[PDB]
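Engineer: No sequence on hand, only this structure:
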Ligand SMILES: Cc1cc2nc3c(=O)[nH]c(=O)nc-3n(C[C@H](O)[C@H](O)[C@H](O)COP(=O)(O)OP(=O)(O)OC[C@H]3O[C@@H](n4cnc5c(N)ncnc54)[C@H](O)[C@@H]3O)c2cc1C
Ligand SMILES: Cc1cc2nc3c(=O)[nH]c(=O)nc-3n(C[C@H](O)[C@H](O)[C@H](O)COP(=O)(O)OP(=O)(O)OC[C@H]3O[C@@H](n4cnc5c(N)ncnc54)[C@H](O)[C@@H]3O)c2cc1C
Ligand code: NA
Ligand code: NA
């Protein structure tokens, strides 16, 4: 067995891992990247890229059926499932190819093929062929799909993101479990593509939305289009000869048996930290067996072992994994010099229609920091997109936007939005939060006409008029003497 | 003839005028609004709203024909012209009604019906019935269509924004004339709705773009969809029995005769300041008889007479007219106490597909700013939307974006974009400009994945690499120690 010494070993050649490698190489030449599976990152392979590709097809198909409002009729929209799948697959391959070329450009001696596990706090074994002794180690192993036990009975008809995009044809029908980002994006897209869909979640959850009014509005809006029970009681999902039989109670509590060609487990993903031999370290774990970590430095309780990307089960977003990589890589490279990452303002997006964006502090974080049981030093500004001019012009007038502000200073804290162009409004808001703008300042910014951003102006005015600050600092337009 | 004294008289009850009234009424009770035409504002009646309404219908129709990229096919797309025109009309009547309700709420004695002209610098006459003795006067009379003499031979078949939206049905064919941006917005929309259209522009102009490369790429792009000659040489447009005969030279310079059902003037608006009896005042005029005015205070050479909105032939955009009304109303209301408006960062949008946005300083204004245009003290960061991932996923991968930055400081100066979602990126960029951001700082902002704003990241990196700041003293991600 070959033994190698490195300053930095990075387990996982995904987004976080490749970011960690580039960062760590600026501090030290002695960095290895280990990869047990296919190169290309989860994002380009079976993540962001194919899912967005699926969505683009779905929205082209769906919007073609919604032109009558405008005075146009479209006859026989027909979904060629083989074509839909082929396009997704070929574009997906193209994206993966770019990552593979980057991986290929790295020094051959810096890449080791195989699955790593810890033997002790400085020794990794990769398969049965190599041992790496590393001064510092970065766990960048991502997440995998995961599902409750009952879903396992769907057998060979159980889909995840790992196999959904490899189908040669679109399915006839899919039962989707998991009411979060992936589950709603994929269920809606499939439903828009002529697939018979129902989406079941259990806890009342809708995407990552925290506000109760928002969750209910979104759930009801989705149900105008396809079946979505955020509080479903599901008995079983059992593979038959040609289908999966799903036994569940509907919204009227009526027991229902219904066959679906497939089930999709868009349930909670699992961080890849359970199969890496952590029990051979003193890494402290929470009551769910997730590694505890410093959220600024990415250090576990073992100060020379870091955890980055989906592996730390936090900020499980692509751009965040990339930032995690920079933090873990720099800190692994420069150790024992340790710095804290200055995180970008939180930005989270769901590519449904209408879209969801969450920006800045979440509602729970705001309640924690700006309120208690009996008093609040924050206010909420709101707008409905139903009566918003441009949204109505486009026939997209559905949605709600909540904006949160410090009640004393007017500092913009965060937001939730379910509505059109939420992805873009999310950026606008996220840049405003990172700059620590106040709502009064943001009201002085440009708002064109007629645009969706004007809905944001409405929500900001709503918040502003609730602030403890003087009436006469409520100028939306500044004049100087 | 009945005579009234006011502190402030406002000529024109559109966007600028209604704004001026509200601002003026904060300072004094004696203010009147004079209106010669229909209430509603130009924006709501025959401007932004119905044009955006036509565009949305156009977009749905066209996108319905573009589904095969994604693997979806249609049998047929059928454009019911009458329903298309009706929805535009009913929706705009809705928007107009809101404006009308506001006007109706204003004190009866604050509103005079008729066209005003100056008898002298403190006296207005409204038609033949009223004279207003006014301490301060705001000219907020908007702009009107203007076109060369040859176009007038199109007689009852000449269209402008004033009558286009009033057609009971979509025309079979329309020739559009002039360099006006409205020509591209409306021409493309008409074309996308099945109307046979040719756009004959002038002098190389393309949607107000200033960069030579951008203009050419945009003209080429548009030409993949509809006939557009930015340098057209046109002989005549003469009304016949059921159409207009257009005689012109095609793109190879050959004299061509073609019938179009209507003709649409897009030849640049005229400010309504030629029929106000301005000869009865000492107001200083430029060589094209536009009143000179202070761009910050909106005062003419006569210090108690202001000019606001499209009337001053500057920043002829809706939200800028609103700010104009605010500046002019405040200054007219509080005269002799005068203040300088602090303008928002420039933002203009052309709602074609792909969209156009210009942000901050124009290219001309940048070239002016630098004493030594040789020594090149600004940089250009560039991106093509052709290889931009999300844009490709959506089948929207056409366009370019230039960002401008000071070479020493990296101060973000302004931008031009032709690309998907330019309206939204335009806002993000305009907020960044108003907050005086550097390109270095903008790169520390959140950029989600996979999104169109990742193209902005590419362009910002391109500018940044070119800066004279210390090469490895601008990190994209900040860490503290
Ligand atoms: C369907 C779907 C859609 C998504 N859409 C979006 C979106 O639109 N926007 C967004 O921001 N995020 C999206 N995400 C989330 C995003 O994909 C993740 O945040 C991101 O890919 C995580 O990056 P990573 O580097 O941590 O993980 P990965 O890219 O998975 O890297 C982990 C790597 O480590 C390897 N590995 C695991 N164990 C070992 C071992 N022990 N030894 C060696 N190698 C190992 C794996 O093979 C893998 O290559 C989506 C995710 C999914 C599943
Ligand atoms: C087709 C079209 C599309 C457009 N789209 C957009 C867009 O998408 N976004 C954008 O920002 N801008 C757009 N614009 C520009 C926008 O409409 C103008 O910037 C805006 O309307 C100017 O408003 P205003 O108050 O200055 O003029 P107006 O709203 O026209 O008000 C002037 C008023 O004065 C009255 N008047 C004139 N003379 C007299 C007189 N002597 N006595 C009494 N009353 C008088 C008129 O009747 C009118 O009511 C568009 C314009 C057009 C034509
Ligand atoms: Na993470
Ligand atoms: Na103006």
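Structural biologist: Done, it's in. Numbering: from 1, shown residues only, chains lettered A, B, ... in the order given. Ligands and ions are numbered 1, 2, ... in the order given.

Engineer: Pull the contacting residues for the most centrally placed residue in chain A.
Structural biologist: In chain A, the residue lying closest to the centroid (CA atoms, centre = their mean) is residue A:317, at 4.6 Å. Listed by CB atoms under 8 Å, 6 or more residues apart in numbering or on different chains, the contact partners of residue A:317 are A:347, A:348, B:448, B:449. Heads up, the C-betas are built off the backbone N, CA and C, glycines and all.

Engineer: Give me the phi and psi for it.
Structural biologist: Taking degrees, to the nearest 10, you get phi -130, psi 160 for the backbone angles of residue A:317.

Engineer: how near is it to residue A:293?
Structural biologist: Distance, residue A:317 to residue A:293, using CB to CB, to the nearest Å: 17 Å.

Engineer: Equivalent analysis for residue A:377, please.
Structural biologist: Distance of residue A:377 to residue A:293, given as CB to CB: 30 Å.

Engineer: again with residue A:6
Structural biologist: Separation of residue A:6 from residue A:293 (CB to CB) stands at 22 Å.

Engineer: do residue A:263 as well
Structural biologist: When CB to CB is the yardstick, residue A:263 and residue A:293 sit 33 Å from each other.

Engineer: Quick check on those two: which one has the bigger neighbour count.
Structural biologist: A direct count of neighbours by other CB atoms under 10 Å in any protein chain shown for residue A:263 and residue A:293 places residue A:263 higher, at 27 against 24.

Engineer: Three-state assignment for the more buried one, please.
Structural biologist: Residue A:263 falls in the strand class when you classify it by DSSP: H, G, I helix; E, B strand; the rest coil.

Engineer: May I ask you to confirm that it is in contact with residue A:159?
Structural biologist: Yes. With contacts defined as CB atoms under 8 Å, residue A:263 counts as touching residue A:159 at a distance of 6.8 Å.

Engineer: joint contacts of those two?
Structural biologist: Both residue A:263 and residue A:159 are in contact with residue A:174, where contact means CB under 8 Å, 6+ apart.

Engineer: In chain A, which residue sits closest to ligand 2?
Structural biologist: Among all residues of chain A, residue A:449 sits closest to ligand 2, at 5.1 Å; criterion: CB to the nearest ligand atom.

Engineer: Does that residue belong to a helix, a strand or coil?
Structural biologist: Taking three-state DSSP as the rule, one finds residue A:449 in the coil state.

Engineer: Assess the claim that it and residue B:320 are in contact.
Structural biologist: No. Under the criterion of CB under 8 Å, residue A:449 makes no contact with residue B:320, lying 9.7 Å away.

Engineer: can you give me the helices in chain A?
Structural biologist: In chain A, helices defined by DSSP state H lie at A:15-25, A:42-46, A:48-64, A:81-105, A:181-192, A:212-223, A:318-334, A:363-370, A:389-393, A:422-434, A:439-443, A:453-464, listed in chain order.

Engineer: Give me the angle between the last one and helix A:422-434.
Structural biologist: Taking axes from the mean of the first three to the mean of the last three CA atoms, to 10 degrees, one finds helix A:453-464 and helix A:422-434 inclined to each other by 40 degrees.

Engineer: before we move on, what about the longest one?
Structural biologist: Following the same axes, to 10 degrees, one obtains 40 degrees for the angle between helix A:81-105 and helix A:422-434.

Engineer: I'd like to know which elements helix A:81-105 is packed against.
Structural biologist: Based on contacts counted as 3 or more CB pairs under 8 Å, 6 or more residues apart in numbering or on different chains; DSSP states H and E, the elements that helix A:81-105 packs against are helix A:15-25, helix A:42-46, helix A:48-64, helix B:389-393.

Engineer: Quick check: the residue nearest to the centre of chain A vs residue A:185, distance?
Structural biologist: When distance is defined by CB to CB, residue A:317 is 13 Å away from residue A:185.

Engineer: ditto for residue A:321
Structural biologist: 18 Å.

Engineer: The two - which one has more neighbours?
Structural biologist: residue A:321 (29 against 24).

Engineer: my guess is the more buried one meets residue A:309, correct?
Structural biologist: Yes. The pair residue A:321 and residue A:309 qualifies as a contact (CB under 8 Å) at a distance of 4.0 Å.

Engineer: Next, show the common contact partners of these two.
Structural biologist: Between them, residue A:321 and residue A:309 share the contacting residues A:14, A:15, A:16, judged by CB under 8 Å, 6+ apart.

Engineer: what's the neighbour count on residue A:303?
Structural biologist: For residue A:303, the tally of surrounding residues (other CB under 10 Å) stands at 14.

Engineer: Give me the spatial nearest neighbour of residue A:27, chain neighbours excluded.
Structural biologist: Leaving aside its sequence neighbours, residue A:27 sits nearest to residue A:333 (CB to CB, 6 or more residues apart in numbering or on different chains; 3.0 Å).

Engineer: Can you give me the neighbour number for the one you found?
Structural biologist: By the other CB under 10 Å criterion, the neighbourhood of residue A:333 contains 23 residues.

Engineer: can you tell me which residues contact it?
Structural biologist: Residue A:333 makes contact with A:7, A:8, A:23, A:24, A:25, A:26, A:27, A:28, A:31, A:136, according to CB under 8 Å, 6+ apart.

Engineer: any idea how far residue A:370 is from the closest residue to the last one other than its chain neighbours?
Structural biologist: Excluding its sequence neighbours, the residue lying closest to residue A:136 (CB to CB, 6+ apart) is residue A:332, at 4.2 Å. Counting by CB to CB, the gap between residue A:332 and residue A:370 amounts to 36 Å.

Engineer: quick one, which of these two is more surrounded?
Structural biologist: Between residue A:332 and residue A:370, counting by other CB under 10 Å, residue A:332 is the more crowded of the two (31 against 20).

Engineer: Assess the claim that the more buried one and residue A:26 are in contact.
Structural biologist: No. With contacts counted by CB under 8 Å, residue A:332 stays clear of residue A:26, the gap being 11.3 Å.

Engineer: residues near residue A:90, how many?
Structural biologist: Here the number of neighbours of residue A:90 (other CB under 10 Å) works out to 10.

Engineer: Tally up the residues packed near residue A:75, please.
Structural biologist: With neighbours defined by other CB under 10 Å, the count for residue A:75 comes to 10.

Engineer: and what of residue A:378?
Structural biologist: Applying other CB under 10 Å, we find 21 residues neighbouring residue A:378.

Engineer: nearest spatial neighbour of it, skipping sequence neighbours?
Structural biologist: Distance criterion CB to CB, 6+ apart; nearest residue to residue A:378, sequence neighbours excluded, is residue A:370 at 4.0 Å.

Engineer: Could you measure from that neighbour over to residue A:466?
Structural biologist: Separation of residue A:370 from residue A:466 (CB to CB) stands at 13 Å.

Engineer: same thing with residue A:280?
Structural biologist: Distance check for residue A:280 against residue A:466: by CB to CB, it reads 55 Å.

Engineer: show me what contacts residue A:158?
Structural biologist: Contacts here follow CB under 8 Å, 6+ apart; on that basis residue A:158 touches A:147, A:151, A:152, A:244, A:262, A:263, A:265.

Engineer: So which of those residues wins on neighbours?
Structural biologist: Counting by other CB under 10 Å, top hit in the contacts of residue A:158: residue A:263 with 27 neighbours.

Engineer: Just the closest residue of the stretch 151-300 of chain A to chain B, please.
Structural biologist: residue A:193 (8.1 Å; CB to the nearest CB).

Engineer: neighbours of that residue, just the number please.
Structural biologist: For residue A:193, the neighbour count with other CB under 10 Å is 24.

Engineer: Residue A:214 now?
Structural biologist: Taking other CB under 10 Å as the criterion, the count of residues near residue A:214 is 23.

Engineer: ok, now residue A:226?
Structural biologist: Residue crowding around residue A:226 was assessed by other CB under 10 Å; the count is 18.

Engineer: Same check on residue A:306?
Structural biologist: One way to gauge burial is a neighbour count; for residue A:306, by other CB under 10 Å, it gives 32.

Engineer: Many thanks, have a good one.
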